[PDB]
Amino acid sequence: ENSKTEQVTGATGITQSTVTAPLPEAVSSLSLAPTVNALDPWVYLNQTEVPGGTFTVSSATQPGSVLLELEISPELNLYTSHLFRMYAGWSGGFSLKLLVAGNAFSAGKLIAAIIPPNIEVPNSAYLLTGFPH
Amino acid sequence: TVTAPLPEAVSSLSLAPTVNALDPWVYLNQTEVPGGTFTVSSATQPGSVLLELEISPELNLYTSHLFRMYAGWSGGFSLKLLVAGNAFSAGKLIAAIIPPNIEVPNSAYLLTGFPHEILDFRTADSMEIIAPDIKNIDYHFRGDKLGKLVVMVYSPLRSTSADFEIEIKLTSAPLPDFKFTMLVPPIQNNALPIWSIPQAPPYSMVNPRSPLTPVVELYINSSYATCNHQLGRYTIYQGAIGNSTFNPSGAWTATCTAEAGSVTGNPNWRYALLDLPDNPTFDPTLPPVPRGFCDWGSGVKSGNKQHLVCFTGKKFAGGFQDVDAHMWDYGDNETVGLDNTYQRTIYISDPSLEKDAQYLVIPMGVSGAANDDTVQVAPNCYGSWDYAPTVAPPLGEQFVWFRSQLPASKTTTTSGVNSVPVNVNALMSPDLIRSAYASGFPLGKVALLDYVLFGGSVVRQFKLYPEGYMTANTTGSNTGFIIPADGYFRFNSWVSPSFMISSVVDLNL
Amino acid sequence: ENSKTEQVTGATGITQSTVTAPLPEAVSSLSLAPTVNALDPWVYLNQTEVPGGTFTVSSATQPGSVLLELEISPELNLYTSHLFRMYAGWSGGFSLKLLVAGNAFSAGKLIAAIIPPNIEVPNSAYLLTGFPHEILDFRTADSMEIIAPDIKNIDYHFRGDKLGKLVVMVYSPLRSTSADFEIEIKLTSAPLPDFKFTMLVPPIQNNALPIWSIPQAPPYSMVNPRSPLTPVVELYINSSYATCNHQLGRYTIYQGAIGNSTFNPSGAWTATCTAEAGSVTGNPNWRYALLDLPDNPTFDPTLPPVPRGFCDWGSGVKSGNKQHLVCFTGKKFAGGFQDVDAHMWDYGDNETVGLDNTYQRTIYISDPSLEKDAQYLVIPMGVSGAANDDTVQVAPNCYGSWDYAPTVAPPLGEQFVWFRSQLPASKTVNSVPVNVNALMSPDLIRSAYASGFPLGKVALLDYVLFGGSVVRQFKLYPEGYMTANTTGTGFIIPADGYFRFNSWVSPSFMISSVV
Amino acid sequence: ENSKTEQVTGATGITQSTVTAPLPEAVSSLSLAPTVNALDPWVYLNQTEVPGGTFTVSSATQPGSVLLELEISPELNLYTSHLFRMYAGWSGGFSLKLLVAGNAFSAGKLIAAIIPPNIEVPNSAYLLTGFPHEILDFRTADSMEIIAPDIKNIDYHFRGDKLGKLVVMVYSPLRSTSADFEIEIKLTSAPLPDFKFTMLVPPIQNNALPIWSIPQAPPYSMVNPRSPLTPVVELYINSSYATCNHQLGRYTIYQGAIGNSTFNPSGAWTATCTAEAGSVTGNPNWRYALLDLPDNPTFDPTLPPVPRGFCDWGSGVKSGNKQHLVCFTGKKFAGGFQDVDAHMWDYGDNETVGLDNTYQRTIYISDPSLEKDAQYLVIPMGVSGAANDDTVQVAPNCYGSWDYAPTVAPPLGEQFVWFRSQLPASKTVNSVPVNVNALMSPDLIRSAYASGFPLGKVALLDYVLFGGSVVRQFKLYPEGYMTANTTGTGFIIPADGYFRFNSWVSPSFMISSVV
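Protein chains in written order, with UniProt numbering: chain A, 2 to 134; chain B, 19 to 527; chain C, 2 to 429, 435 to 494, 497 to 523; chain D, 2 to 429, 435 to 494, 497 to 523.
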C-alpha cells in the first residue's frame, strides 16, 4: 500500500494515485490443485474495463444508492474471462483501479468497500464503514 | 495532524473482576461514529452546537454493538474528521472536551475555557482528535456521568462566489487501552448503532386521527408550521403522550352523561360531560378527555359556521338505541377556557338529551364551513395535565404527515345532518415507531430515513425525531405536496438534530 | 507530629503548640487525573479563618453539644475556595490550626475528632473517643495543628461527593473563679503540600463564593413585599412575634420565592375576582366572590389557591363584626374598571374554620350590588374597625397540599428583625393607620442568589449606621429570615444604614453584639 | 519569531501560521515584589477568547475604522482574569492569537499594531505603520500569534495603571466575487511564561468578573419602573422611538440609579403637594400646587426639583385643552388622607416653556376646592383625553443644573428594547387605556452591579424562549439601555423567556442574530 501526489498542469490543485489493500489477501497454497496453470505474464500487466464498471455521479445521486456492485471473479478482466472457459477452476485476487474524473472546484466523497461472500450489501454509506473500505 | 486537547489517562483496570479484550481488528478499522454526522451552512449561526457526543462505547459501530453484552468499560477514542469541503469556503469550528460533571456552555466565549481545538474549513479534513475517557474511578459502570465532545460554529461559514454547504462526518476507533469489564446478557439499555425497520408501507399503518380511513398519502404543507395535536403523539422516551394511545381505533368511541341546560341563545345545543373511565375521581393532573378521543379543530367561536359530526344514541341494557348523526363541539360557543378547548364539557345539537342519560359518541365528520385547515389545528391544551407539547419543525424544514381522506356522510331528510369531505393529517402513526422502542435511539440523535418508491428509483429522505415527527428538507412553498403511501422506510443513519438533508423536496414540482 | 512548649510572659504558666495527624493521610497517585494543577506555593503558607470556624465555650456549654462541625474541602481556605471555581476536581488534605484563647487559672478540656464520610456525628464526647481524635486542656492550649486527611475511595473528587469532617466539642466542662470567663476558639486552614486541583474549566459554578459582596443599598431603598406602595422606614424588633406564618415576603437561597411570594410584589398586588351567588349569613351586604387564578385555571390542589402575590394580612378568627380588610374595587369593562372606590373585604365566610382566617380563593366584599358572574378589580389598601399591627402581623392559615411557606421561629434567645412600613388611613369606607412588617425584602436576597450560601451556614451581617459610630449585627438565614441577639412592645432601628457581610457562621452561633 | 505554511485540503491555496514579537518584551526582575506567585502551568497552555476579541470585516468596512482595541492586562484571559481578583499586582505580557477565517479567492489586508501606554489610537491605517505592527493578507492568513509586551516603567502593576494596547484595523479593503463574503476575526489569549502575580489578598475587588451570571428571572417577574402596579407583559421594539429622555427607569453600571430613578419604584410612586395660591389663566378649576421635596427642603438648584421616583409621563406641549395625567388625590388629616378620588393633573401652567412640559416642582390639579397651604396626596394612575402611547413615551423636559439623566439614542442601525406594560382605564374623571414603556428594569441591572462590566465593553445577551427553539440577541449597555439589531409601528417579544450572558462586546459590535 502507498499514495503519490501529482500537481495538475496549471498548478490549481492536485491529483492523487493511491494503492490500498483494505483486507489482507490470503494466498492459497494450491496443495489440492491437480495442476497449477500459469497465465501469460502480459495478462497481469493489462488493465481492461470491467463489465458494468462505469457509473456517473450527478449532484442528484443519494449517498444511499449503490453505484457499482461487482463480484471478485475471472469475469472482471477480459482475458481472464476468455481464458477461464478453458479451465475447471481458479484462485486469486484482482487489482481493481477506480478511475475518477474529479476536479479541485467540486466537493464530495466516494466510499469503496470489500464485502465478504454470503453477506448482504447495505443501502447506506454509514453501514459501509463497518466493512474494509 | 493528531490533537489531544486534554491528555488520556490510562486506567490499570486493577479493580475489574475480569478484563475483556476486544478483537484486535476493532482497533484498526475506523467506522463512522453512529450519530457523528452534521451540516454547516452559511445560515448556521455562530455559537450553535452542531454536535454533542458522550465519550462512551457508543462512539464506534463495533464497540456500541459489543457494549450490549458488557456491564462496564474504560478508555477513550481516536476520532477522525471527514470534511466534504470546497475551494471557496472560509470559517472555523471549535471542538471542546467537557469533563463529566460540568454543564455545556451556550456560547463560543465560555466554550474556549475548556480543553479545545479550533478547526478551519481549509485544513480540518482528516484531522485526528483524541476523545479521552475522563474519570476518577477504575472503569465506568452503566448510568455514570460521562465527558462530552462538543462541536460548535466558531467563525460562521462564508463563501467567495457560490453558496456551498459542508457535510462533516466523524469516524472513530477505540484507543489501544480501551477495554470492557463484565459479561452480561445482550439486553442492556444502550441503543443499537443500527436500527432495522420492518418494510411495512404507510398505507398498511393506522391513522391515529382518523382510525376508520386508510392512509392514502404522505403529505407536506408549508403553512402547517406547528403541531398542537393530542392524538398521534408518540415518543421513543415515553411511548404514547398527551391522550394518544397504541390502539387508536378502540379508543375512538366515547360516552357522555348528558348535562342539565343548553348553550346561551342556542337552546338546541345541549351540554354533556364526557365520561372518564381512566379519571373517575376527576383529578386535574390526569387527562380531562377520554384517551384516544377526537382532537379535530372546528374553528374559534365558530358554531354558527361549522361543527364536528358524530353518531350518537342513548345507552340501554341492549347497548345503544336509535343511533344516528348529530353536530357536536367542545365547551361553549363563547368562553375562551371552554370553547376550542380539549376538555370534558361538550355540546350536542340534539334537543332530546335527557338529564343524567348516557349517550354514545362516535366522531366521523365535520360540517358547514369546516375544511382541512380547521381540522389541522386541534382544540387548546388547558390546565396541569401531561398534554403533548406544541411542536415545530426546525427552520428550513417541514413536517411530513400521514394523510387519509374522510368521506362525506349525506342525508336527504330536511334538517338532517350533513358532512363535508375533508382530509385528516396525523403527525406520526404508532405502527412506524413500533420497532424504535426495541432498538432505542442514541442520546440526542435523529434518524435519517430513506423512503423508497418505484423499486429504488426514487428515494425521499426524512428525519424522524425521537419526539415523534418526520421532517423533510424542502424548496419553494406549497399547500398540497403529495408523496405516494406505497413506498417503504429504510434506516439510513443517525444524524445530529441540526443536520441538513441533502436530498431536497422540490415542493412546487 | 510533635509538641513544643513556651513559657508565658510572667512565667505563670505555659502555652503548648502541638502538631498531630490523628489518622494517616493517603496521598493519591493522581494516575487518573488528566492534568495535575499546582497551586501557587504561597497558598500553602497562608492560614485563613475557616467559614463557621469560630465558637465560644462558656461554663454553661455541655460536653454533649457540637461546637464546630466542618467538611474537609476546598471551602475550608479562602484561596482554595476561590481557586476551586476554576477547576473540575480536587485532591488532598488540609492543615487545620485550632487557636485556643486559654489561661492557666481556668480548668476543662476540648476534644477534636476526624469523622470519615458516610458516618454520623454523635452528640457525646464519650462516643467521640471512638474516632481518631485529640484532647486539649484549657490551662495550656494555644495552637493545635490537625493534619486532617482527605478521606476518599476515588483518585480525586468531583463536586457533590460526601466528605470527611472535623468535629470539636467540650470533653470536660470549663471552670473559672470568674462567672464571665469564656474560652474563645478559632479554626484556621491551609491546604497540605499534597493538595492539587485536576482540570481547568470556565469559573461558573453552583458552589457558593467564599465572600459575599452586598450592594450597600439602605433598607429604605428596598420594597416592603407586604405593603409595596409604602417604603420601609424602620427595621423593627418585637419579642412577642415568636413565629412568622406569612406567605408574602418569603424567600430562600435554595428555592427562590416560596409560599405565594414574588420578586415583583408591586406588580402582583392587584387581583380580580368573579362575583358569586349569595352572601354571608346575617350580613346581606357581604357578597361572596372567587379570586381569579391565572396560574391555577383548573384549580389543582398542588398549585396555590390564591393569585401570586395577593395580600396575606390578618383579621383574626370570626371577627367581621369587629374588623375588616379594605380595598379599591371596581367592575370590569372595555379597557379597565368603572366606578373604582373603597370597600371592606375579607377571606372566607366569617364562621367556618376551613374558610374564615384562611388563605384561600373565596372572599366576601361588603358592597350590596355585585352583579353575578361579573369581574371586579381588587387592590388591597388598608384595614378597618378594631384592626391593629398584631392583627395584620398574623397571616390567614395555610391549608391543604399546595407548596405553602412553613411557619418559622427564631432560635431560643434570638428575635426576628423586620422590614417595617407605615400604612396611612383613608377617609370618607374608613381605614385605620397600621404598621406592616415583612420577614425579608426581595432586594436583599437578590444579592444572595448571585453569590450563594455555603450549605449548612448562615450570614453574619454587620448593619452600619452613621458610617460606623453604631454597628448592629444580625444573622441572615438561608431559610429567608433575619435575626438579632437581644436582652430584656416594639424596638426601632433606623432604615438608612447599610448591610455589610461579616462572615459565615453556624445556625448555633451566638451573636456577640447584643441589641 | 517564525512562520509556517500548510497546503489547504484541495491544494487550492495555502494557510500561514506566523509567530511574531513586533516590540521586544522587557522581562521584569521583580526585585521589588514582596512575593512572586506562580500560575498553574496549564494556564499558560490554554488560549481563551478575549473579552471583545471578535469582529467581522465586510467589504463595507473602511481602512479608517478600528476593529479591535484591547488593553494588555489579566482581563485578556479567562483564568488570569479570575485569578487576578486574588492578587494585589501583576507583571508580564500575553500571547495574542489572531484567528482569521480567510480564503484564497478573496483579496485585502489587516494591520495589527502594539500601542504604548499614554499614546492615542489613530483612525488611520497609514498612521498605524508608525507603531510596531504586523500586516496579514486575507488569501493566506489563518493564525497570527502576537507576543504582546507588558509595556511598563514600574517593577509590576497595581490596579488603575494605564496600559499598552493591541489595535487591529483593515490595511487594504476586502474584495470578493460574492457580495455576501465576510472575513471573521477572533482573538485568543494566554499569559506568556514570564507572567506572574505579586501578593495574595482576599478576593474582593471593584474589577469586573470575566463571566456574568444572570438570575434567569423572566421580564414579567421584573418591576416596570414607569408603571409599578402593572407587570411587564411584553418586551417591545418601535423604530420611531429613536431617543429616550426618561428620568425614571434610568440606571448605569457605574453610578447606580440616575436622573430621578430609584431601586424601589413602587414605594416612591406616591407623592404629596402643598396647594398654592391661584390657578391656570382661563381654567379656574386648574389649581396650582407645589410637590413637596423631602430630599430638597431648601430647594437647591443642584438637587432634583421633583420627589425621588415621581411620575415622568408626557402630555405634549401646550395640550391641557386636549389631554391630561390622572391621579388619586386626597387632603391630609390625622393618620392619612380623606375623600381620595380621581382628578386630572399636569406639570407647569399649560403656556410657559420653562414650566409646561417640564419635569419640575409646580403642578396643577383640576379640583375647584383645594384649600390654600393644605397638603394633598398624589398617586399618578392614568392619562385622559387624546392621550396615547407616544404622548406618554416622551417625558417632560429636564431643565437647569440638577443631575438629570441625559437623552440617549441607539447606535445607527440598532433599536431600543423596551420593558412594556398595559395600564388599564378607570371610569366614572375618566382615564384611557395606554401602554407604558421603560428603558430598563432595576431587577435586571441589580445583577450587573454584583458582577461589574469591563470598562469600555457591553454585554451581548441571549434571550431564551421555549427553552431555546427561539433565541433573540440584545446588547445591554453599561449606560443603562438595552438594544437589538433590526431589519425593516411596534413589534412584540414575549416576556416569559430569560436572559443569559453570552459575551462581552464593543459598543461598535454588530449583533449577528437580526430581529
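In this text, a Cβ means the ideal position worked out from N, Cα and C, and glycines have one as well.
Nearest-angstrom Cα separation, counted from residue j out to residue i
i                 : j                 : result
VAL101 of chain D : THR55 of chain D  : 10 Å
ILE152 of chain B : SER179 of chain B : 43 Å
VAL395 of chain C : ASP347 of chain C : 14 Å
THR429 of chain C : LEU230 of chain C : 21 Å
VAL28 of chain C  : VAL67 of chain C  : 29 Å
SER173 of chain D : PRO23 of chain B  : 36 Å
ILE184 of chain C : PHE159 of chain C : 37 Å
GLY505 of chain D : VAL476 of chain D : 9 Å
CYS399 of chain D : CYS274 of chain D : 20 Å
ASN124 of chain C : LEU188 of chain C : 20 Å
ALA375 of chain D : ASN225 of chain D : 32 Å
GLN17 of chain D  : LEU467 of chain B : 42 Å
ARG251 of chain B : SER453 of chain B : 16 Å
N-terminal and C-terminal residue of the alpha helix (DSSP H) that residue i is part of
i                 : result
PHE85 of chain B  : 79-85
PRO448 of chain C : 448-455
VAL318 of chain B : No alpha helix (DSSP H) contains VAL318 of chain B, which DSSP labels as neither H nor E.
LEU129 of chain A : 126-129
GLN394 of chain B : 390-394
For residue i, the first and last residue of its enclosing beta strand (DSSP E)
i                 : result
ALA114 of chain D : 108-116
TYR237 of chain B : 235-238
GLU485 of chain D : Where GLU485 of chain D is concerned, there is no enclosing beta strand (DSSP E), given that its DSSP letter is neither H nor E.
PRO174 of chain B : 166-177
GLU26 of chain A  : Looking at the DSSP string, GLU26 of chain A is not in any beta strand (DSSP E), and its letter there is neither H nor E.
Below-8 Å beta-carbon distance, residue i vs any chain D residue
i                 : result
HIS158 of chain C : no
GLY337 of chain C : yes
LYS110 of chain B : yes
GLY414 of chain B : no
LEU128 of chain B : yes
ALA105 of chain A : yes
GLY14 of chain A  : yes
is_contact[residue i, chain B] using C-beta, thresh 8 Å
i                 : result
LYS166 of chain D : no
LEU294 of chain D : no
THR493 of chain D : no
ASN124 of chain A : yes
CB contact check: residue i to chain C, cutoff 8 Å
i                 : result
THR359 of chain B : no
Mind the definition here: the region 411-429 of chain C touches the region 261-276 of chain C only if three or more C-beta pairs lie below 8 Å; say whether that holds. No: fewer than three Cβ pairs fall under 8 Å.
With three or more C-beta pairs closer than 8 Å as the rule, is the region 480-494 of chain B touching the region 204-223 of chain B? Flag = no, the region 204-223 of chain B and the region 480-494 of chain B do not touch.
Quick check on the DSSP output: what are the complete beta strand (DSSP E) runs of length 3 or more inside the region 356-382 of chain D, in order along the chain? For the region 356-382 of chain D, whole beta strand (DSSP E) runs of length 3 or above, ordered along the chain, are 363-366.
For the 8 Å Cβ check, are there 3 or more pairs between the region 370-390 of chain C and the region 282-295 of chain C? Yes, the region 370-390 of chain C is in contact with the region 282-295 of chain C.
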